[PDB]
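A look at the structure
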Amino acid sequence: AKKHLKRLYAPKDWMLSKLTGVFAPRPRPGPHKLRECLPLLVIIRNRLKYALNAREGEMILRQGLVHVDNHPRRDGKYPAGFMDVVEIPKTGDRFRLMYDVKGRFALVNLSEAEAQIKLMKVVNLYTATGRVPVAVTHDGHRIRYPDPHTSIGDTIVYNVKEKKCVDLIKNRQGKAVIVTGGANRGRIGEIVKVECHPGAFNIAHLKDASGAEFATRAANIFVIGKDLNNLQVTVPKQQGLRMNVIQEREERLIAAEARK
Amino acid sequence: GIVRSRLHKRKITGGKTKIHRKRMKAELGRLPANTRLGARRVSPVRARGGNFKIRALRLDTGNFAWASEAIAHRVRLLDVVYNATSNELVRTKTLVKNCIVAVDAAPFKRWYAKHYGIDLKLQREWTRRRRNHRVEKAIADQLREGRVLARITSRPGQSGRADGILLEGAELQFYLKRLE
Amino acid sequence: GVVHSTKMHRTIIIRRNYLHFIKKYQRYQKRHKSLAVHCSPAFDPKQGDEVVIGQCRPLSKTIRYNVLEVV
RNA sequence: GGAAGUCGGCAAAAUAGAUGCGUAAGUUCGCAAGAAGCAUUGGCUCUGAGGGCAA
RNA sequence: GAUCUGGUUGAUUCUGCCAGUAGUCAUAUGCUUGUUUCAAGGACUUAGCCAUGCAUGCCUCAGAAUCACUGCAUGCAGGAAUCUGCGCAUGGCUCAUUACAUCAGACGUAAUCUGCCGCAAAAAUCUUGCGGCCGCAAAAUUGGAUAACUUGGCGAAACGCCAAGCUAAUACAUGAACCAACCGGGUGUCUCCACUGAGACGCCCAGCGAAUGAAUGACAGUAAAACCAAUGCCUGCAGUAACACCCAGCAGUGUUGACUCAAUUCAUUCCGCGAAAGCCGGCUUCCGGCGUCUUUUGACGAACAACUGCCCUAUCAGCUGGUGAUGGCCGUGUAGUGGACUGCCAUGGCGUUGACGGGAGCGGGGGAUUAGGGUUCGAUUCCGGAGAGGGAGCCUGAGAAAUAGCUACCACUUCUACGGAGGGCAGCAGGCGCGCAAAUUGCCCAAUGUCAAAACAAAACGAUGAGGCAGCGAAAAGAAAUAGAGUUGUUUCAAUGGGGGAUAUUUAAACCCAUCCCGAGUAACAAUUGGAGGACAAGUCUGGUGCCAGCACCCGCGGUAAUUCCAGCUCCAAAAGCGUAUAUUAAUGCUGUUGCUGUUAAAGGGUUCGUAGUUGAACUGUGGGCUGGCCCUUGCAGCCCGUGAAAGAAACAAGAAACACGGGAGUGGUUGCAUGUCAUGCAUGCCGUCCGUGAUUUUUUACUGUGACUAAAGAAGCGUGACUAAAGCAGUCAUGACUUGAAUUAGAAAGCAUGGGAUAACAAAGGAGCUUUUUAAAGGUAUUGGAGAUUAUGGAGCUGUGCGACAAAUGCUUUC
Ligand SMILES: [Mg+2]
Ligand SMILES: [Mg+2]
Ligand SMILES: [Mg+2]
Ligand SMILES: [Mg+2]
Ligand SMILES: [Mg+2]
Ligand SMILES: [Mg+2]
Ligand SMILES: [Mg+2]
Ligand SMILES: [Mg+2]
Ligand SMILES: [Mg+2]
Ligand SMILES: [Mg+2]
Ligand SMILES: [Mg+2]
Ligand SMILES: [Mg+2]
């Protein structure tokens, strides 16, 4: 019955300093996993600087001023995660939670039209009472009548304002994906082939836009479009292209010299 | 109290395990029901998670199925006749899963007459039903005698019920010879 | 593994032999392990034969594997 | 109460059958050994094991 | 920096130890200490004993106020107190137990349970009012009891108690017809057909969840045709999802590597399931926030299992054993698997690759030292485990074998009016003992978190010894004062801190730092600790003592001329520090895998036989031809890539070839005219592969190259003028931008995918248990409209006859 979280044990992506407190906020159970989420207090106090401390974070959150997936959330320990839509109407800000090329959490600005939909990955399919097929999603959603072509690897385009599915994208050989876990998290690539090893982890081989090869486990890929040029979601600035470490350092040095 | 852990057992090498922790509630056991034949009496038991187990102390009625006809009936239990663990359980008349009992055969006779028109309206569906259908002589002999053998299929100490199925086929002959 | 003993009823003992590396003396030493495996009447293994086994739920105090194929 | 009696535990008391478990020093390896010691046992109603010769 | 020196001889060259030397967030003690930053701190011995105080509670607009409570004029509130709901199983402390236990990396639960949080689901139920069981109607206006309180109190007291009287609910109990559907099973009276079939009608019974029984939970080895009875469609077999009307397409199609799983229908049986019979708000209605029962899946957890690894000891060699030891069968118990446990059966399981027993130890991340290989430490911040004086037992609860919960015994112990009643600091401060050995009975919830009936504010401030702040503190680590510049043969010049104060700044409030002024000439604002024969830097100095006193880590000094003792002077080393003791790393190739010795220095067994173990000979194997007289460098391309033999046949390819699957491929991959119209038919058409299933036959392990999967803190290091640095992850520049940054790496072994075949390992064998193809004949499932039966004809294999063609790694026109 754990209800605390030491700061040294908290995920590195939250970017909390080791010298400014013994504890970190422990996320509650919810739509996303504890190790793969970002609590609302961290979003509002760190990252965005609307709150200077936890006292001001509680004032903002308990008034219902922050909407996640078109619903007010009043808990600072609420776990927010991949592809969630966060809107603060009083300020007039809209973001989506994504992974940048370095694997860190990134907030991508959205237009009003783009804020109405989110991509949902199927993780299970079962039959409910009365012979009703149900699809379970990577964020804990349960869809009561999915498209008859839905499979466990597919992606569903979901309108959150009307609570209705609009489109289905299948996991095939010629589709574009983004990596959600492992050493390649945040990279955008194209499927080349999938290796099936029954009873163990399937392995996917992918190709980057620059021709670089990399592989991950099949449970870490997320379909986002029919090819590398027609993506159904907006991605961060770097477009999921890993850059050479030697080259990246050289450009940063040159930019510093010119800026000064 | 009673425990179900492996700490007190010997190792396969014959050595002794040195225990360095106290007993935990998550590994308990409880005393057996020892269900007997008699007027109904049960006792509820609060198990892990808040759910309730029904511990039956005495039972005399149950729900018994005729598998060939895919039907069932509620009948009175008369005796315990055989038990594979030991015959001291037959002497005390203890009810457990997979023991052989004798039940009342009157409700099954009534269903046969009303479904096939056979004693052991214009629309005669009976002629259709008797077509390509036959009954075993071993069963019909008991149905006329009044009592018929059956096998308990439920666990009375876990659910509080004594349900079962009638013996047919080669399993009936197996237990008839063991009783002879 | 290889079959070591077949004296019990519907259960056998198998042996797995392997080499273990010692870093300080850059050399190996022989080691082995023993397991109890349930054998179904579909197979008739003999001492010295090689089998393929698969993990299952606990079936006794020591048995955690089942024979799947005899070579 | 328990050898204070008496030269001296003389005399008396005391132990006790059968079955299971268990058993020291010493030793010519045979013993010491029933070492010492612990436990069970009635009556009644039942259940199992241990055979023969006739096809 | 991959380093050595003194001591055995009258001299020499060795072996070998003793002594010297440098580190330690590594402890303790001695002498000393001006400034500032950063920090460990009753672990070692006694998981010893504890006075006193404090450490866990929670109320919004939104569950219950008639305080005989408080203001102000009927509405408020600190609304006291109580009932109700949630929490108190987390955090904090400690390391006593412990070696197939725990733990690390990697995995399983298809063997299970799971409050709070997320997304969802819901059609069972005869109730109420009036009138006389019936009839008429519908916004169902449901019932009883208990606290706080009042009265009488008992008791020396007790986080001790009794009786009576009042009264709330989101406490407890009861309970809702018609509105209101689809679908099915069993059975009686009416119409019709035929001589059975169809349709009414009645009559039952059909919700979620649980139990037992019966079906479904697909197919994916052959094709043409007759004959019966019942049916469909045409006027005899074309055309054809299925189905006797209201519905002419209202499921012929769940998931997985795999399921007795998901879900559905039938029979019988439970005997847990409110629309809180709830609370607020905005506008007569309408709308919106909460709150709660049951069902089902994610998430957060719990419990179980074990693939590889995990100290010393043989003056510990056998251990276990139906008395549960290893396994089997039917049961019981559990949330669930299981000798976990009852009954019966069989005789197994483990061990020199070290079982069993004994001893010292909580396990990791990691620390010290080190050219490399190594040696050693890890009570202690993060993760895992275990405990609350000892030992058992248990209730509540989603979760405890809970201890600032209960029950008992043992050892200690407190109060008493003697009747009785209490206690558990290995939480924070403190105290006693123990010791070589370790702080204040301080301030605060401002920050970081946790709980919760809860934003903040307004009459109107939740708790928190977790946590933070300061006091003590030469454990350890950074930066740094004790002066500087000059003129003549002892006299001047500026400068600044320590310190003392500030309009002030910092801070929850204080303190420290930072900023700024009245202040140095024995700048008395006065530096120490060890040494001066050698190792080892530095005195033939001057007195005293006289093998005494004493020094001396070792070698050695001292017996009246002491380079060594006690002193003065002068010098040396490190310096706000420097000695001593005990452990430990290097020095140490004096533990030797890299890397030691064994004739005489310590050490080859008296000689052989022999089992585990270690080690073990050669061989299957130059590819070739053409471009820029053999051979070799290069760059080219293309080869059946020895030899045969031109779609097949040689060689390969289980990663491959044979079979079949429309429920295989986003619709069956690639190379306005017709069909239907009762139509939401609003429909339909204009050679290589993919996927499932069957048949056929075979190669690992190991090493090596990549790749995947792998908590921080710590180590390495990319950037950055916190004034530098030890640090930290920040910050930089002109109603904001940098679409700011916070890169990257290594981490044993075991586990996962793949490609490469040289050196090797495992297993098998022990060489006499060792033909193909093409036609003729004899014998013995699928298509016929669909569904159920009987029937020939054929496919194919089983075989015994003839015939054609081609091979053969060993001559049949042959041998005997
Ligand atoms: Mg006596
Ligand atoms: Mg006497
Ligand atoms: Mg006398
Ligand atoms: Mg006598
Ligand atoms: Mg005796
Ligand atoms: Mg309460
Ligand atoms: Mg079983
Ligand atoms: Mg160690
Ligand atoms: Mg004791
Ligand atoms: Mg204390
Ligand atoms: Mg001197
Ligand atoms: Mg002198």
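Here, every reference points to the structure presented above.
Residues numbered from 1 in each chain as written, not as in the entry; some residues may be left out. Chains lettered and ligands numbered in written order. Part of a larger assembly, values for the part shown. Heavy atoms only, no water. Residues with missing side-chain atoms left out of burial classes, pairs and counts.

Close contacts around RNA strand E come from 159 residues, with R104(A), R172(A), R259(A), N63(B) and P58(C) the closest. Protein-proximal atoms of RNA strand E, defined as those within 4 Å of the protein, fall in sugar or phosphate at a share of 73%. At a separation of 3.3 Å, a base nitrogen of RNA strand E approaches a polar backbone atom of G30(A). (Near = heavy atom within 4 Å. Polar contact = N/O pair within 3.5 Å; in protein donor to acceptor, adjacent residues only side chain to side chain.)

Now for the sheet that holds strand β11 (residues 164–169) of chain A. Residues and elements named next belong to chain A. Spatially, β9-β8-β7-β10-β11 is the arrangement adopted by the 5 strands of the open sheet, whose pairing is antiparallel. At either end of the open sheet lies a strand with only one pairing partner, and these are β9 (142–143) and β11. Here 2 bridges tie strand β8 (residues 132–137) to β9, and the two strands are oriented antiparallel to one another. Looking at the pairing, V136 lines up with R142 of β9. (Pairing = 2+ DSSP bridges. Helix = DSSP H or I, 4+ residues; strand = E, 2+ residues; numbered from the N terminus.)

So, on to the packing of aromatic side chains. For the structure on display, the rule yields 11 aromatic pairs over all chains. Judged by centre distance (5.0 Å) and plane angle (15°), the rings of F82(A) and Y99(A) are stacked. Note that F82(A) is positioned in the loop between β3 (79–80) and β4 (85–88) and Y99(A) in strand β5 (residues 93–99), a separation of 17 residues in sequence. Just as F82(A) is buried, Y99(A) falls in that class too. By the ring-pair criterion, three or more aromatic residues cluster together here, those being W66(B), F108(B), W111(B), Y112(B) and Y116(B). Residue placement shows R35(A) over the ring face of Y9(A); its charged tip is 4.6 Å from the ring centre. (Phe/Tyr/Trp six-rings, centres within 6.5 Å; stacked < 30°, edge-to-face > 60°. Buried < 20%, exposed > 50% of the residue type's maximum accessible area, 1.4 Å probe, protein only. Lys NZ or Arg CZ within 6 Å of the ring centre and 35° of its normal.)

Right, let's talk about the sheet that holds strand β12 (residues 176–179) of chain A for a bit. Residues and elements named next belong to chain A. Read from one edge to the other, the open sheet built from 6 strands follows the order β15-β14-β13-β12-β16-β17, with strand pairing classed as antiparallel. Looking along the sheet, the strands with just one partner apiece sit at the ends: β15 (213–217) and β17 (230–231). When strand β13 (residues 188–195) meets strand β14 (residues 203–207), the two strands line up antiparallel, connected through 5 bridges. Within β14, the position partnered with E195 by the bridge is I203.

Residues and elements named next belong to chain A. The space that makes up the largest cavity amounts to roughly 40 Å³. Along the walls of the largest cavity sit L40, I43, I44, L61, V66, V86 and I88, which together make up its complete lining. Counting residues per element, the ones that place at least two in the lining of the largest cavity are α1 (40–45) and β4. It is α1 that contributes the most residues to the lining of the largest cavity, 3 residues altogether. (1 Å grid on protein atoms, 1.4 Å probe; cavity = no way out; pocket = protein on both sides within 12 Å on 5 of 7 lines; lining within 4 Å. Points joined across faces, edges and corners; volume = space filled by probe spheres on them.)

So, about the pattern of salt bridges. All names here are of chain A. In total, this model carries 12 salt bridges over all chains according to the counting rule given. The salt bridge involving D84 is made with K118; its shortest N-O contact spans 3.1 Å. Highlighted residues: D84 in the loop between β3 and β4 and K118 in strand β7 (residues 117–128), separated in sequence by 34 residues. Neither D84 nor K118 differs from the other in exposure class; each is buried. The partner of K193 in a salt bridge is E195, with the nearest N and O atoms 3.8 Å apart. Given a relative accessible area of 44%, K193 falls into the partly exposed group. Relative accessible area serves as the criterion here: at 27%, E195 is assigned to the partly exposed category. In this structure, a network of salt bridges that share partners links the residues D69, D84, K118 and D139. (Salt bridge = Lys/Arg side-chain N within 4 Å of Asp/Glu carboxyl O.)

Now for a nonpolar patch on the surface. Residue and element names in this part refer to chain B. On the surface, a nonpolar cluster with roughly 250 Å² of combined accessible area is contributed by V42, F52 and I54. In this fold, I54 is placed in strand β3 (residues 52–59). Residue classification places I54 among the partly exposed positions, given a relative accessible area of 31%. (Patch = residues over 30% accessible without salt bridge, like charges linked within 9 Å, V, L, I, M, F, W, Y side chains within 5 Å. Areas by Shrake-Rupley, 256 points an atom, 1.4 Å probe, with all protein chains shown as cover.)

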